[PDB]
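Undergrad: need the 3D shape of this:
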Amino acid sequence: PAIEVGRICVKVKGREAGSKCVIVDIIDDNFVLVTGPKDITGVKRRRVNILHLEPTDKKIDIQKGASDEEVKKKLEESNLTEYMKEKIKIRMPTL
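TA: Numbers count the residues shown, from 1 in each chain. Here you go:
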């Protein structure tokens, strides 16, 4: 899927850095727009460079530049309501 955007990303790094996000934008060229449920995963909307890429197998279809409310509706295409909400690391809130 990394050949084309329109998919979901995971943050990888040591010491707390696992968060799931949906990618939807191409910026200058090496930067993309990413979003996640602020209430659960904790990521709202932010931009990340290709230098940290973690792609998963998923669907491809973004209008391009969606507004936040429009971006949130797109998350449902991702089916976050229960497929996700994974808590990538057991340690995160009180730990």
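Undergrad: measure the residue found closest to residue 60 once you drop the neighbours it is linked to in the chain to residue 62 for me?
TA: On the basis of C-beta to C-beta, 6 or more residues apart in numbering, the spatially nearest residue to residue 60 that is not a chain neighbour turns out to be residue 6, at 3.4 Å. For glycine as for every other residue, the C-beta is placed from the backbone atoms N, C-alpha and C. Applying C-beta to C-beta, to the nearest Å, the value for residue 6 to residue 62 is 5 Å.
Undergrad: same question, residue 11
TA: 19 Å.
Undergrad: tell me who's in contact with the residue nearest in space to the middle of the chain.
TA: Most central in the chain under C-alpha atoms, centre = their mean is residue 21, positioned 1.3 Å from the mean C-alpha point. Counting by C-beta atoms under 8 Å, 6 or more residues apart in numbering, residue 21 makes contact with 8-11, 34-36, 41, 43, 46, 48.
Undergrad: test my guess that residue 57 contacts residue 10.
TA: No - using C-beta atoms under 8 Å as the test, residue 57 is too far from residue 10 to be in contact (12.0 Å).
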